[PDB]
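Using only what follows, build the 3D model:
(chains A, B, C, D, E, F and G, ligands or ions: 4)
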Amino acid sequence: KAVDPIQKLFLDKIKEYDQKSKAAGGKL
Amino acid sequence: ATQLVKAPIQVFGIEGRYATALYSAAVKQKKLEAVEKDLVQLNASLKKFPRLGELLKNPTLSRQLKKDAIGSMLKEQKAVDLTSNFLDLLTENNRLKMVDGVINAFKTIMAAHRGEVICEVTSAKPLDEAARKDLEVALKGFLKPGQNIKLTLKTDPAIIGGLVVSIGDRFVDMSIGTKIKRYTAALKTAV
Amino acid sequence: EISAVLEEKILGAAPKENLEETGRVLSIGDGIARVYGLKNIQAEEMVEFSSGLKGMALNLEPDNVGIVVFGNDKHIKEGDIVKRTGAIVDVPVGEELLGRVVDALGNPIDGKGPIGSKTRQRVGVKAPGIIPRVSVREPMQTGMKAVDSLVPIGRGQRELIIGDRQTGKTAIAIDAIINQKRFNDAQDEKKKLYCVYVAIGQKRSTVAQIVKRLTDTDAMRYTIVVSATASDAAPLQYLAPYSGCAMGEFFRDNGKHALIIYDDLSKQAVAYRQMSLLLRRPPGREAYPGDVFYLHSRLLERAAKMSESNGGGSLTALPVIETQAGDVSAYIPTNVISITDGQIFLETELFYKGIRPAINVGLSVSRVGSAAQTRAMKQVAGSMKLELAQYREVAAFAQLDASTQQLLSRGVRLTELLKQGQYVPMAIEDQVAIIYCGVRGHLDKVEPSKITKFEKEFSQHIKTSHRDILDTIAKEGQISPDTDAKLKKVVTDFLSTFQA
Amino acid sequence: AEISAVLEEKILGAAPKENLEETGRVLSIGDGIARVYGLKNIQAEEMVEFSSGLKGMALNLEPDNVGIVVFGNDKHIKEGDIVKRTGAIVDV
Amino acid sequence: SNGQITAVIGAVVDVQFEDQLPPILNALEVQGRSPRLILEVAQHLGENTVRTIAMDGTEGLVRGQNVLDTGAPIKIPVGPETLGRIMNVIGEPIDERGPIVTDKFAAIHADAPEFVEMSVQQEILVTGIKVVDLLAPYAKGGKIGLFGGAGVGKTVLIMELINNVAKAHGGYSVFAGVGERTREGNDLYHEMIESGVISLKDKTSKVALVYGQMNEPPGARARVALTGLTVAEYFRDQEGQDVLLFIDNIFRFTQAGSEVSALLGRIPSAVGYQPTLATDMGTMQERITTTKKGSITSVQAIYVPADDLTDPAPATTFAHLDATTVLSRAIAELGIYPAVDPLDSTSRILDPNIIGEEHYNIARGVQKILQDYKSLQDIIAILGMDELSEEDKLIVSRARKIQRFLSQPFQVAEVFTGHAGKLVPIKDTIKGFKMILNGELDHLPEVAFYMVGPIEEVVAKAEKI
Amino acid sequence: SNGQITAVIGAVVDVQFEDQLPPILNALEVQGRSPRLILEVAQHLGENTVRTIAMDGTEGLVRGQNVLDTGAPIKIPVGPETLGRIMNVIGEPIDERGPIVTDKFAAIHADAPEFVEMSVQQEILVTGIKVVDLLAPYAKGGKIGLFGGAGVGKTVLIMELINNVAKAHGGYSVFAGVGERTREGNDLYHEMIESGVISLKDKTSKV
Amino acid sequence: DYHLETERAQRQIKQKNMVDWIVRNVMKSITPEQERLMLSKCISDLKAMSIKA
Ligand SMILES: Nc1ncnc2c1ncn2[C@@H]1O[C@H](COP(=O)(O)OP(=O)(O)OP(=O)(O)O)[C@@H](O)[C@H]1O
Ligand SMILES: Nc1ncnc2c1ncn2[C@@H]1O[C@H](COP(=O)(O)OP(=O)(O)OP(=O)(O)O)[C@@H](O)[C@H]1O
Ligand SMILES: [Mg+2]
Ligand SMILES: [Mg+2]
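Residues are numbered from 1 along each chain as shown, chains lettered A, B, ... in the order given. Ligands and ions are numbered 1, 2, ... in the order given. Have a look at this structure:
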């Protein structure tokens, strides 16, 4: 599939934030 | 009426009427390239000395002085009879104040006549080496045979990244800055 | 939870930047954009600007295209890129819009999420002709006693609600919307009705209060609210009646029945006057353009009763007109009166005296009439109309004989009988019983101040231990003289039981 | 007067043989008003005859064209039709 | 030849032709369009481009779309085969009964009859309406105009005239619905079915219907009246018959002409009207006439915008008519139906040498009594009836009796009210108004004069009270 | 960027930017005038020129004079430091008591609140005045409309409204004198000082 | 209703700071090698559109 680099980068940053939020226990 | 290539472009206005009449006159004869280059030289001489343009665009001065000055500055350019008659027609109807328009309209012709399509490419930063030549290769396949590309390059850091490409018929905004802008706008308006 | 929604919004936001014949904005101002380019664009075609706004290609000039912008003009600058959508101006339609508040373009503004619409319909659609139309014969039940008796409305009819400001026009319209809950909750699909409310030029707080009132009464489940408030642009206020009419035309063309209310068309005409004056068009009567009659006529002609070969659908319009000092001789009210089939005039003088709804019986008529009523309602409303005509004939000069005093007392009791509270519409059987008690002289010994209390207690008494009477009325569909005598006896028994 | 035919014949120096002093051609016709190129020797409030036999009167003498009011239906008048001046004002 | 669409704005389509230009008023058929989009040429713009008004909607039209010249104006079928059929502006049948199979066609644009083709016969047509047959009588062959505002009653008066005249006529009939409700056209069509004037099973239909209504674009509403005129002109000239032509209404034709006037690049006239309103109305109305070849009695409704009589469109239409029937909103507020203004209706047949000396004297006496009452109303509204003298009280009482007796229950209006419609002979009308003017009925209440046909019903209703 | 004035007619100034244009309703400052002259963009005329309306007089404006766009609409100082002070349209202190030294600035052009943000239910603003409370009660988030002038005690009524709203509800007040006479503005300013609504000594001013 | 409003307010605050941090990190996510890769991909897409004539 012709996945745009910006969309993939946005998804990677969202997954990174979700993992960090799990590391932070869901805090801001 | 007028025998030509039947409007290679769509140029309007009274200045467009004058430019199409001059194109028809210079394509019935074999003097199209000569009248193009002396109009380019005339426009360069007018832009070189703004006092000449102020002399031509002065309603106080009589039209006989204007056509004498036009003939005087066309003698040194070694002009042809067609552009002399064109400038005499412009100063006869007191329409020489728009002499910058008709030449620009005449510059709008010989782009479709020569197949040159205007392309504008804007980048976040100016690039070379690996750039430029591949852009020309990509743009070469965008045309039917018999047409060429006239490319103008611009730089603007406000677009963050990506590229802004515009052709004479269509536009594409495949740039990083606009992409992240509409993505953030979508995220704000939805979540 | 949130991350899944973010992924869905990112995946659905595909740019797809291919082909895209475009144009450049030469100049922006006064809500009209001139666009250089777009050679193959169609007339009235929807376009998208670079800022996300949308517009309609109005003028197909040689060197430019004049585009009417559906939004504010501060988001568009000189040299912006205008993309054509390839479609004439259309809005989403369907049953997905039920329970939703959308703008003039169909974008939801209630925050409930996207609308899962499957079909879109254009807003500039011609009206049906003579052959696909049949006579209006089904009743439209607004639940107002005065409207259902004196100025009846049928399905497919265009009935005008005209009056000054703060006279109860929106109250009548919202009560008409709320009254359809009994039909919508029932099993008869033919009697179900889908409502559309188009708010044009109103305040946003007023529309929020209306939506809350519809949500509390559970009338929102069959209602679409199209909102174009006072802070919105004039093209949005102009487009909203046509977008709502297209949403009602969906139910009209699919064999369903839709009731649509434009509150109010005078503000839409003001927005269209602003658009025309910014287009340098020649002003006419009261500085209005000369096609404002055509604007309302092409809007309201789409509300009609279809034939059985067209699905048997219908669209009912209730336009709202706000007058100045009660003048029905103005330009816009005379236009809508000539277009529609009847009007419901609301008086400021009656509104100041506490008569609510303040319906002027002498001015509010309906050209359909007997075909828009049930048999029992028509049978009692003919006598009510004759008695109110006699009362208005004898009270004009008496400002006496025993007959004249009897007619005056009867007319006073009928006038107090027709008064109804806000947001509480009545079923047609309750209205038929109430007008029957008023007409037949059952209120002759009752003071006019106690008619409302008698009406509530009689309704409670009928619903308590007289269910067989309602069953007999529903089975017969009218009032037979034997059931008339039985009703007179039980009314006499009830009034003797209440006081003796 | 700057039309495509006039500009074509003035760039090339054609010097056309149509003597437009006593005649003219219609530039435009609409709603009983005819703008006519030519009629150089026409005078104000003078009667003219069109190619279809209709009559007209010259009310506007502009440096570019002549404004003619048409004494009849303008469907018989076309753009480029020949208009001949009668030489006299209207008489009855 | 073949042309291409170069501009679409509203109902105005500019098309450019390559070789030859179609003439003015020529019909052009758009190619690639399903329901026969027809454009009528209005003006030659120049540079081989012409400007047209569309007879239908202009949605879905792209630039460069092919259009074909038909070489003729809009031709509409004319003859006995058009009787009982419904046609649109371009003459196509819209009643879903098949094509109109005829051999005769005619253009909807024709020149007016000349000054030598005029008849000056003035014979009174009896309508059965007291206010009509007394104050503004109608003529057998001639133009009748029902002026009225919004909701004052013109369709009811049109249907009453059709019921009272067209059924017992014998010659022929044509109805032209122009910019009105499609519900009205459906109801009139079914009414003529039930009354036997149209036969769906066989021939001997007497009325032909042409309908272009208010849902149509302004190009269609500005030409459907000419289509109905063309049907009536064929029935008058080529057959030598007596024709009844009913048009409802003329103002929609002259308003649809003004809706496209701004899109034709014209300077607007006063109060934003078309600058060629008078000439277009003149060329339309002069075709409706009674000639030496045949007779046409025409009844046309006219709408007054915002209840104004000094509006340019009704003020132009006033000079083109023989009999005028002006309907007032204030009279309709008083419950008098039909709400005919007695002091604003003229006929030009109201002459003592045409309709009789007694009829003329009674009508002028009624008009003088009502004018005196109108002059007294200013003092009545302030000082009341007490300050009036005895002759003023007699004037007021007789004028109120006259105003009540001018009202008449109509047969077509019974569904609105319930009163039986009454047909009043003109001799009974002049006898009843002579009785009222002579003071022979001053002892009766005025309510007995309300909604009754003859003076015998006045006496019976007074004795009933 | 930097623009140059190309036309001056009345209070209408045409300014040409040879760069990216400022948007509509954007604030521009003339870089030569010693009083702070502010121009507000009305429309885009084309050819990289904008048309502006001036917030002050245009007397010694020269063609080609430098104009700096602020990148925003007219921003004014906002905060508790504005209470008791008179500022003009552009936020400059006109009461001659020094700078307003706020940290917060806000643009005078903004959108109305959205459909979700609107308050569903209505409420009554008390204001402590018997006739107003009883017969014509005010509503929170509403517009009233005050009729009558000259000697009917309008100034005392509005100063008591300021006093009662600040004393009971705790909210402050803002007076916007639109087109008011300078004599009447001076009279109202000194009446508010005299009535204790405006305090020139401590920070208890309310308007 | 208090629990619903508290959870909705915390969710709104979480969404707002997540969006702002995503914007800041995306502005911090740009590397020159990925910029060259994105420019090459844009050129390839432009060439692919040039093929589709
Ligand atoms: N039948 C009724 N019983 C009681 N109150 C009523 C009734 N009808 C209307 N009202 C009240 O009258 C007021 C005005 O009614 P409404 O807002 O519906 O009128 P409107 O004509 O739409 O006014 P506006 O011009 O502001 O839109 C409201 O306070 C409403 O509650
Ligand atoms: N003769 C009549 N008897 C009783 N009622 C009448 C009569 N004439 C008119 N009316 C009343 O006036 C109403 C208006 O009638 P009608 O529709 O014919 O008016 P109109 O002038 O044609 O209106 P529009 O211009 O809007 O078409 C009727 O529906 C009826 O209520
Ligand atoms: Mg309202
Ligand atoms: Mg009518």
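
Which single residue of chain B ends up nearest chain A?
residue B:179 (4.9 Å; C-beta to the nearest C-beta). Where C-beta positions appear, they are placed from N, C-alpha and C, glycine not excepted.

Distance check, the residue in the stretch 301-450 of chain C that chain A sits nearest to against residue C:253.
For the stretch 301-450 of chain C, the residue closest to chain A is residue C:302, as judged by C-beta to the nearest C-beta, at 42.6 Å. In this view, residue C:302 and residue C:253 are 10 Å apart by C-beta to C-beta, to the nearest Å.

who has more neighbours, these two?
residue C:302 (22 against 18; other C-beta atoms under 10 Å in any protein chain shown).

any idea which helix or strand carries the more buried one?
Secondary structure assigned from DSSP states H and E places residue C:302 in neither a helix nor a strand.

For it, give me its contacts.
Each residue near residue C:302 by C-beta atoms under 8 Å, 6 or more residues apart in numbering or on different chains is listed here: C:125, C:127, C:245, C:248, C:249, C:252, C:315.

Most widely separated two among the residues you listed?
C:127 and C:248 (12.8 Å; C-beta to C-beta).

The two: which is more packed in?
The residue with more neighbours, out of residue C:127 and residue C:248, is residue C:248; 30 against 20, by other C-beta under 10 Å.

residue contacts, the more buried one?
C:194, C:196, C:258, C:259, C:260, C:302, C:303, C:315.

I'd assumed residue F:41 was in contact with residue C:78.
No: counting by C-beta atoms under 8 Å, residue C:78 stays clear of residue F:41, with 11.6 Å between them.

Tell me where the chain has helices.
Picking chain A for this. A:5-23 (DSSP state H).

switch to chain G, that's the one I care about
Using DSSP H, helices in chain G cover G:2-27, G:32-51.

most neighbours per residue, which of these?
Among the helices of chain G, helix G:32-51 has the highest mean neighbour count (mean count of other C-beta atoms under 10 Å in any protein chain shown), at a mean of 15.

Remind me what that helix packs against, helices and strands.
On a contact count with 3 or more C-beta pairs under 8 Å, 6 or more residues apart in numbering or on different chains; DSSP states H and E, helix G:32-51 meets helix A:5-23, helix B:133-140, strand B:163-166.

Mean neighbour count added to those, as JSON lines?
Shown next, in JSON lines, are these (neighbours: other C-beta atoms under 10 Å in any protein chain shown):
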{"stretch": "helix A:5-23", "mean neighbour count": "14"}
{"stretch": "helix B:133-140", "mean neighbour count": "16"}
{"stretch": "strand B:163-166", "mean neighbour count": "22"}
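
Next, format these as JSON lines and append distance to residue F:147.
Compiled in JSON lines, the helices and strands packed on helix G:32-51 are given as follows (distance: least, C-beta to C-beta, whole Å):
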{"stretch": "helix A:5-23", "distance to residue F:147": "58"}
{"stretch": "helix B:133-140", "distance to residue F:147": "70"}
{"stretch": "strand B:163-166", "distance to residue F:147": "58"}
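
so which of these gets nearest residue C:226?
The nearest among the helices and strands packed on helix G:32-51, by C-beta to C-beta, is helix A:5-23 at 33.8 Å.

Report whether the closest one contacts chain G.
Yes: using C-beta under 8 Å from any C-beta of the partner chain, we find that helix A:5-23 touches chain G at A:5, A:6, A:9, A:10, A:13, A:14, A:16, A:17.

out of those residues, which touch chain C?
Answer for those near chain C (C-beta under 8 Å from any C-beta): A:10, A:14.

For the residues of helix A:5-23 next to chain G, which two are the farthest from each other?
A:5 and A:17 (18.5 Å).

Show me where the stretch 251-400 of chain E has its helices.
In the stretch 251-400 of chain E, the helices defined using DSSP state H, counting those that start in this stretch lie at E:277-285, E:312-318, E:329-333, E:357-383, E:390-406.

which stretches of the stretch 101-250 of chain C form helices?
Under DSSP H, counting those that start in this stretch, the stretch 101-250 of chain C gives helices at C:145-149, C:169-178, C:181-184, C:204-216, C:234-253.

Chain D too?
D:4-11.

which residue lies farthest from the center of it?
Most distant residue from the mean C-alpha position of chain D: residue D:12, 24.3 Å away (C-alpha atoms, centre = their mean).
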